[PDB]
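Working notes for the structure below.
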Amino acid sequence: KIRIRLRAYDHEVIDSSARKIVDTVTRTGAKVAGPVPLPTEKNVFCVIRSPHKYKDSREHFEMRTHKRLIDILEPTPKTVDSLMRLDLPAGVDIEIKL
Amino acid sequence: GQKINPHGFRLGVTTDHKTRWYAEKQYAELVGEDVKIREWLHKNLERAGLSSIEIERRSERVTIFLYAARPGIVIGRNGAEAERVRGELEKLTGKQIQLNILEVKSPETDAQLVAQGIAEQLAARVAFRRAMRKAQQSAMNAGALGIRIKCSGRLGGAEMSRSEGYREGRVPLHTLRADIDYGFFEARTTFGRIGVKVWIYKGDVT
Amino acid sequence: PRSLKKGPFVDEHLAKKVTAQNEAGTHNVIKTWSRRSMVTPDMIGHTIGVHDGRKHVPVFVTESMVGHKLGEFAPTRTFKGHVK
Amino acid sequence: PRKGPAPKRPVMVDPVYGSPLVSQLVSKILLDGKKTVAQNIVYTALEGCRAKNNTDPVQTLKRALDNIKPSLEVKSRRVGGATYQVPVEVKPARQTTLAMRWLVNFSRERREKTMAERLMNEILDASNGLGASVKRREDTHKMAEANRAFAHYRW
Amino acid sequence: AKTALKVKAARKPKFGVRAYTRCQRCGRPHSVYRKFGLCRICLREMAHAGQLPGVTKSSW
Amino acid sequence: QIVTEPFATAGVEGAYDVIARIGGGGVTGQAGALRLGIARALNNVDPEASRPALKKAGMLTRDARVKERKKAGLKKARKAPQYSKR
RNA sequence: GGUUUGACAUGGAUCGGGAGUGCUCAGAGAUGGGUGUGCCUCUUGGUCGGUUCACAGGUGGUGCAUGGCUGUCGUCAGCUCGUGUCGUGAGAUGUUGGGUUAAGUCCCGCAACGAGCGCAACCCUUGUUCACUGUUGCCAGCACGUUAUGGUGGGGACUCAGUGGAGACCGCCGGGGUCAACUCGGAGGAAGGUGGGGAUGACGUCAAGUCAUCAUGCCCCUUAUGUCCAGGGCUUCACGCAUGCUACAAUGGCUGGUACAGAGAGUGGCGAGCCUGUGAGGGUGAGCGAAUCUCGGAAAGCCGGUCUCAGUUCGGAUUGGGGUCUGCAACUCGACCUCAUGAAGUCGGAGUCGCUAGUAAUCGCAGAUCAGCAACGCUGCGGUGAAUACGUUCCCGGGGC
Ligand SMILES: CON(C)Cc1ccc(O)c2c1C[C@H]1C[C@H]3[C@H](N(C)C)C(O)=C(C(N)=O)C(=O)[C@@]3(O)C(O)=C1C2=O
Ligand SMILES: [Mg+2]
Ligand SMILES: [Mg+2]
Ligand SMILES: [Mg+2]
Ligand SMILES: [Mg+2]
Ligand SMILES: [Mg+2]
Ligand SMILES: [Mg+2]
Ligand SMILES: [Mg+2]
Ligand SMILES: [Mg+2]
Ligand SMILES: [Mg+2]
Ligand SMILES: [Mg+2]
Ligand SMILES: [Zn+2]
């Protein structure tokens with residue numbers, strides 16, 4: 001019941017946000033499933049290092065998306081208001097499935 | 001010619017990204033507006049001296065941290081210049097901009113402002129050796145553990161290009177735990193432009 | 001080749017010019033840059049100046065042309081041979 | 001290499017016949033990285049061997065290998081303005097390797113249709129004392145004897 | 001790139017198939033990534049400077 | 001043989017059942033993983049009478065040999081494009 | 001073929017109210033002509049118009065005017081400084097010597113004593129293990145499920161996912177090593193002497209590459225070297241070189257059946273299922289913004305049948321016919337399907353290239369760009385999986401004295 005999907009690029013801020021969510025809902029009772037980590041999206045970009053005629057030397061980059069999942073077993077409309085009104089860091093987004 | 005950018009090398013390890021937002025269907029357009037914001041701010045606020053522009057987004061609302069040595073230019077008189085630059089920012093982007101301007105505690109220790117000053121002196125036609133020595137001495141008076149400055153180009157208005165450099169202390173570029181601040185600027189002279197690069201070893205971090 | 005269910009592609013101004021020529025007498029050279037178009041029976045017996053990049057080379061369309069494009073009859077490159 | 005003798009990977013034994021020789025034979029056939037194909041070939045050849053003679057196929061393979069094993073072989077030497085063919089004694093591992101390589105190559109060169117019993121025919125001929133492998137062993141020994149005068153250049 | 005080419009690419013094409021990408025910072029028409037616009041060089045330099053969130057060097 | 005031989009080198013023999021759930025890899029890799037699993041099971045069942053021989057046979061060890069990654073400018077992990085001077 | 005403050009910027013004036021567009025006409029189109037629709041404040045703005053005025057524009061020149069970025073010697077083991085000292089001086093010493101190391105890595109001695117950039121380590125990934133969490137993942141014990149599918153309640157065991165820890169340090173034992181660094185052997189251990197791989201490229205060299213990614217000094221163009229458009233070209237072909245792919249077959253071809261992956265991508269997208277077609281495909285069309293749904297089939301391999309050494313049931317070039325799809329449009333110049341055609345090629349001259357282990361060899365898979373695709377390229381991913389290294393004499397590159 002009540003899904004919370006957290007996505008960001010830094011696992012430190014992911015973990016901090018998940019801890020804040022779970023400690024908030026708990027402060028409002030509502031027992032909630034622990035933050036379960038989904039597989040991290042791993043996009044890879046290869047780029048010719050030089051601006052011209054040098055293809056054998058290249059640079060690789062990744063955009064790792066870290067995802068965590070929270071279940072709010074207890075309905076608790078007070079926790080509903082809390083989870084819609086609290087503030088989260090800009091780097092992480094929130095997805096609430098009612 | 002073959003050296004990596006220190007900031008990119010230490011990105012994620014010790015230093016952090018200048019932009020903090022998440023978006024997976026608009027990523028390109030947010031990148032474009034960020035580029036527009038940064039170009040506009042750099043082109044219209046040279047006088048203040050920009051260490052960094054840090055961009056955050058929550059929901060169609062953008063937040064700009066402007067790390068400047070002298071925010072007097074940015075704030076103008078009683079925030080008039082701050083209001084006008086914010087208004088130009090809404091005009092440029094179309095979103096709600098919350099702009100805040102922060103000091104740099106040690107401008108003589110921040111590499112980007114050091115490159116700013118060295119390039120300004122070179123443009124004002126100060127002897128490059130004297131400028132580099134002054135910047136180096138000021139950095140070590142502040143208390144940096146290592147300075148390295150390199151000016152490349154038609155130094156002194158000459159014809160051939162040189163790559164004159166100064167350094168003392170320790171600047172371990174190869175060490176990832178080493179906190180190395182990197183700055184770069186271009187002195188626009190009557191003879192092309194001079195590239196000034198500055199590495200400053202702040203210390204060691206975990 | 002073009003899908004059958006989409007029909008032949010005639011560039012929709014070549015068609016109107018050849019139809020006007022049919023209505024007012026099949027005697028004129030129709031200048032066009034539409035190498036892109038499909039030869040059709042309705043233009044049989046006409047002469048069409050197909051652009052080849054620098055000049056409108058004339059082709060007299062006969063019965064057997066129909067299954068071909070206008071640009072097939074207006075070569076764009078000149079070779080003549082290596083050396084001489 | 002300059003640093004020193006690189007370590008050798010241990011040789012495993014064949015599960016069926018329980019001899020490292022057959023494993024070395026399959027690893028020498030072992031074209032294209034197809035271990036299963038190579039040892040299907042090898043097992044078929046050994047079974048054909050035990051079909052045509054009652055004796056054990058591993059024993060007949062061993063006898064063929066001893067009949068193809070070279071004792072000494074000549075190598076090029078850059079002494080002076082002309083090249084020499086210095087005869088050098090061959091260690092047991094090197095000579096087993098040479099015997100296996102020659103067996104496999106001449107089996108591949110045989111005229112019969114299929115590789116499995118091309119190799120089977122070559123093995124039987126070598127064990128008897130005939131074939132291209134034994135001929136090459138004799139020729140190399142003959143040329144070593146011809147150039148035997150340079151046994152004092154060994155280092 | 002040329003300014004006329006940049007504005008022509010920006011404007012809606014006559015036929016849908018005639019559109020192309022262009023580096024949104026740079027104008028470069030080759031090697032433009034759909035994920036974040038930009039181009040080869042623009043991606044490399046901006047990722048090094050740290051304006052692209054989530055993008056870091058990969059050394060797996 | 002590679003999966004049966006843990007029993008052969010242990011005191012127990014083919015009078016001792018086993019159930020295996022196998023995932024990933026190819027046939028030979030799965031064989032090696034199953035062999036190591038049986039060796040570890042025999043280990044943690046009898047770590048005194050089967051441990052010495054079982055470890056000496058090099059079987060309570062997982063070989064880290066894994067496919068090396070491809071590298072830029074090279075056709076494969078180490079294969080290089082054909083060098084052509086002039 | 002059009003255009004000239006210009007395709008696009010910024011600023012002053014000046015006449016303004018529409019700009020901007022829908023439908024039509026002419027045109028290859030650019031563009032031009034119709035027709036419909038026609039600012040929000042306010043008495044003085046947003047927006048556009050011309051006329052100008054400033055000005056823009058240039059992938060035009062110079063990479064030997066430059067910045068930036070990159071190759072390269074070269075992952076090579078080095079390159080220097082402060083002070084002292086020696087010498088008239090350039091300069092030397094340190095940094096030589098002995099030992100060792102992958103390493104200017106350390107050790108010993110030493111007119112040197114120190115330090116810095118490089119080496120190493122810190123980072124990522126892989127190999128072992130623990131704690132925490134348990135869905136979209138997993139199913140050992142428990143209860144049903146349409147027969148059936150962890151489908152179900154449920155479970156923290158196993159696997160895995162991903163956060164935080166542990167673990168390797170010549171740390172222990174023995175020998176060698178004047179000792180000392182190191183070195184050899186052994187135990188423990190998933191792993192032992194740097195465990196494997198990546199990121200990381202010192203001072204500098206080559207006036208090395210890039211004025212065409214960007215930026216820029218100077219010079220040059222300004223009813224044209226700007227700029228718009230249609231068509232053409234970048235795809236030419238007596239030839240030469242280079243990098244690849246498919247081959248020349250039987251360790252193979254064809255055919256039926258049947259196993260085992262990893263890493264990735266997806267809403268103008270990935271598309272299942274069903275129907276239709278020989279097929280490419282078409283028609284319907286769920287599901288999935290995705291550990292859920294889809295791409296999906298892995299191929300090599302194994303097993304059965306068949307071909308029987310044939311320029312072939314090898315090879316699949318070329319050429320003729322009939323098509324599909326994308327696209328405004330496949331003539332020049334797309335991929336694909338199908339029918340037919342069936343070229344050279346019998347293992348390649350002198351010469352030359354890659355590779356020391358999960359490597360070479362081969363086997364398939366995925367992604368970037370991308371409507372489509374000439375991709376056999378590139379960057380990754382796993383499957384199968386070798387042979388050999390006596391050695392430094394010789395060839396090439398480099399290091400200390
Ligand atoms: C010609 O003008 N005068 C006489 C001198 C000159 C003047 C200005 C330049 O800007 C260059 C040159 C010489 C060329 C020579 C070039 C050549 N290369 C094109 C094959 C070459 O042989 C090498 C090389 N193998 O190393 C180079 O150095 C090179 O590339 C180079 O840098 C050059 C320049 O650009
Ligand atoms: Mg396109
Ligand atoms: Mg080359
Ligand atoms: Mg140059
Ligand atoms: Mg050049
Ligand atoms: Mg290093
Ligand atoms: Mg040059
Ligand atoms: Mg220019
Ligand atoms: Mg071309
Ligand atoms: Mg996605
Ligand atoms: Mg090696
Ligand atoms: Zn760009």
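Sequence lines set the chain letters: A, B, ... in the order given, protein chains first and strands last, and positions in each chain run from 1.
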Does the pair B:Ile147 and B:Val171 meet the rule for a side chain to side chain contact (heavy atoms under 4.5 Å, CB included), with working shown? CA-CA 7 Å; B:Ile147 185 70; B:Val171 193; 6.0 Å; no

Heavy-atom distance under 4.5 Å between the side chains of [X] and [Y], does that happen here?
{"X": "A:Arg5", "Y": "A:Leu69", "result": "yes"}
{"X": "B:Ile194", "Y": "B:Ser152", "result": "no"}
{"X": "A:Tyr9", "Y": "B:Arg20", "result": "no"}
{"X": "A:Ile72", "Y": "A:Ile70", "result": "yes"}
{"X": "B:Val196", "Y": "B:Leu122", "result": "yes"}
{"X": "A:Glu59", "Y": "E:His48", "result": "yes"}
{"X": "B:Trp40", "Y": "B:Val85", "result": "yes"}
{"X": "E:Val32", "Y": "E:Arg40", "result": "no"}

Kindly indicate, with the supporting measurements, whether the criterion side chain to side chain contact (heavy atoms under 4.5 Å, CB included) is fulfilled by B:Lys197 and B:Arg148. CA-CA 8 Å; B:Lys197 291 150 135 167; B:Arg148 189 184 167 194; over 6 Å; no

Nearest-0.5 Å distance, [atom1] of residue [X] to [atom2] of residue [Y]:
{"X": "F:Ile2", "Y": "F:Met59", "atom1": "CD1", "atom2": "CE", "answer": "8.5 Å"}
{"X": "A:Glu12", "Y": "A:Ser17", "atom1": "CD", "atom2": "OG", "answer": "11.5 Å"}
{"X": "A:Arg19", "Y": "A:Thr26", "atom1": "CZ", "atom2": "OG1", "answer": "13.0 Å"}
{"X": "A:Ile96", "Y": "A:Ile2", "atom1": "CD1", "atom2": "CD1", "answer": "9.5 Å"}
{"X": "A:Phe61", "Y": "E:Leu43", "atom1": "CZ", "atom2": "CG", "answer": "5.5 Å"}
{"X": "B:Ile37", "Y": "B:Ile64", "atom1": "CD1", "atom2": "CD1", "answer": "4.5 Å"}

Might you work through the side-chain hydrogen bond (donor to acceptor under 3.5 Å, both in side chains) test for A:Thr79 and A:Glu74, ending with a clear yes or no? CA-CA 9 Å; A:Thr79 67; A:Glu74 273 65 278; over 6 Å; no

When the ring centroid of B:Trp199 is compared with that of B:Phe184, is the distance short of 6.0 Å?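 That pair fails the under 6.0 Å test.
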
Ion pair present between [X] and [Y], side-chain N to carboxylate O less than 4.0 angstrom?
{"X": "B:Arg57", "Y": "B:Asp34", "answer": "yes"}
{"X": "A:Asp71", "Y": "A:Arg3", "answer": "yes"}
{"X": "E:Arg25", "Y": "E:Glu45", "answer": "yes"}
{"X": "B:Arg10", "Y": "B:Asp179", "answer": "no"}
{"X": "B:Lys43", "Y": "B:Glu46", "answer": "no"}
{"X": "B:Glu81", "Y": "B:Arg84", "answer": "yes"}
{"X": "A:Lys42", "Y": "A:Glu62", "answer": "no"}

Donor-acceptor pairs are to be reported for all side-chain atoms of residues 43-53 of chain A against protein atoms at under 3.5 Å, with residues two or more places apart or in another chain.
from    : atom 1 : to      : atom 2 : distance (Å)
A:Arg49 : NH2    : A:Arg58 : O      : 3.3
A:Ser50 : OG     : A:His52 : N      : 3.0
A:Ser50 : OG     : A:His52 : O      : 2.8

Residues in ring pair (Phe, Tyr, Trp, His ring centres under 6.0 Å) with B:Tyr166, at least two apart?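 Partners of B:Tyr166 under the ring pair (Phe, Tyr, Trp, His ring centres under 6.0 Å) test: none.
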
Side-chain donor-acceptor contact under 3.5 Å, [X] with [Y]:
{"X": "A:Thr76", "Y": "A:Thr28", "value": "no"}
{"X": "A:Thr24", "Y": "A:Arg27", "value": "yes"}
{"X": "B:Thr19", "Y": "B:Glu54", "value": "no"}
{"X": "A:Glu41", "Y": "A:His66", "value": "no"}

Keeping B:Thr15 on the side-chain end and B:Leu11 on the backbone end, is there a donor-acceptor pair under 3.5 Å?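 Checking the backbone N and O of B:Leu11 against the side chain of B:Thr15, no donor-acceptor pair under 3.5 Å is found.
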
Test your reading of the model: is there a side-chain donor-acceptor pair from B:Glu108 to the backbone of B:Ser138, 3.5 Å cut-off?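 Not confirmed, B:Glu108 side chain does not pair with B:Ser138 backbone.
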
Would you mind telling me which of B:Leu102, B:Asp181, B:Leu66, B:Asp110 makes a side chain to side chain contact (heavy atoms under 4.5 Å, CB included) with B:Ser51?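 With B:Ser51 as partner, B:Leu102, B:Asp181, B:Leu66, B:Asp110 yield a single side chain to side chain contact (heavy atoms under 4.5 Å, CB included), made by B:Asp110.
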
Cation-pi check, B:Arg58 to B:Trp21: give yes when NZ or CZ is under 6.0 Å from the six-membered ring centre and within 45° of the ring axis, no otherwise.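 The answer is no, since B:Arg58 fails at least one limit relative to B:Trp21.
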
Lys/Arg cation over aromatic B:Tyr22: A:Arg7, 6.0 Å, 45° cone: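 Cation-pi check for A:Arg7 and B:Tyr22: fails.
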
Test side chain to side chain contact (heavy atoms under 4.5 Å, CB included) applied to B:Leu145 and B:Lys202, step by step: CA-CA 6 Å; B:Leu145 283 72; B:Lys202 299 291 180 68; over 6 Å; no

Under the side-chain hydrogen bond (donor to acceptor under 3.5 Å, both in side chains) rule, what do B:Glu120 and B:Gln116 come out as? Steps first, then yes or no, please. CA-CA 6 Å; B:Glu120 288 300 327; B:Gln116 183 67 41; 3.2 Å; yes

